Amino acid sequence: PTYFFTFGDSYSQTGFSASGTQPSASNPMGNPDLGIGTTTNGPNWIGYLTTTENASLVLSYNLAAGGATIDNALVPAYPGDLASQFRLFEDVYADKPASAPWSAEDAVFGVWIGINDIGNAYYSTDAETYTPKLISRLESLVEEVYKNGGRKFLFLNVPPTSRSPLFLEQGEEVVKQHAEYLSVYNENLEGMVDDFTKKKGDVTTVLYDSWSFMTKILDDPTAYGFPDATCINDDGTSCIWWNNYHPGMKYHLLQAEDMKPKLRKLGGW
């Protein structure tokens, strides 16, 4: 099987507990049931990659936690920052236990972080000098998994949360300030992933440009079956937005479909 360990924020959360039912062939998410615990009204991108877009057996260990930032020593928010998710991984799965006997050839580490770091710091920090600190801390966490023997990595860049209803309501100049800051973060993320890839020489990496994908939908919503780019519906399917800051299940399914061909080199797609 492919062991898919994920790390991130509310765009990735499912409510998976390390003490809940663990992933197996008959139950690849482990816990909770597929479609529960998300910000989408249904499966999220991880549920869809694991159970709908998979080419072979994928087992999902999803450590993402709502509200997470990279490290509370930089931009703080909630206790379950990315650093704490890596610590949970180190405590339970890093040593390849019988419940998750992974190897360099069959483990994929997916990270989707930055929404909240940017969301909280875009007006109070200098993007050009501050976002390298965030990205360097992300890289140091990734190095912990590399030391454990991880070699396959998936990074998603930050999507245009500047154009969520929550931000649009703050005025176009705030949308722009946030978007400009976000663009610098994503450029630095790309640089780091490229540099890591070249320096190690023995890793398989994907940088998934969620920003451009979601932007395409926001720019032409009706081509994707949405009536406009701003409406909210908690059914997760009628609108792009499930709530004012989170996209719904239909969006996540469209993203997972977009991702599938780009993930073929990682082993489960």
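Counting begins at 1, following the sequence as shown.
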- line: For 92-100 versus 78-86, entry-based mean Cα B-factors point to 92-100
- prompt: Given the B-factors recorded for C-alpha atoms, which segment has the greater mean, 138-146 or 195-203?
  reply: 195-203
- request: Tell me, please, which of 68, 46, 63, 232 has the highest C-alpha B factor according to the deposited entry?
  value: 232
- line: One of 125, 72, 116, 157 has the largest Cα B-factor in the entry, namely 125
- prompt: By its CA B factor, does residue 186 count among the lowest, middle or highest third of the modelled residues in the chain?
  reply: lowest
statement: Among the modelled residues of its chain, the C-alpha B-factor of residue 20 falls in the third labelled middle
message: Splitting the chain's C-alpha B-factors into thirds, which one does residue 9 fall into?
response: lowest
statement: So, residue 107's CA B-factor, relative to its chain, sits in which third? The middle
- request: Place residue 218 in the lowest, middle or highest third of its chain's C-alpha B-factors, as listed in the PDB entry.
  value: highest
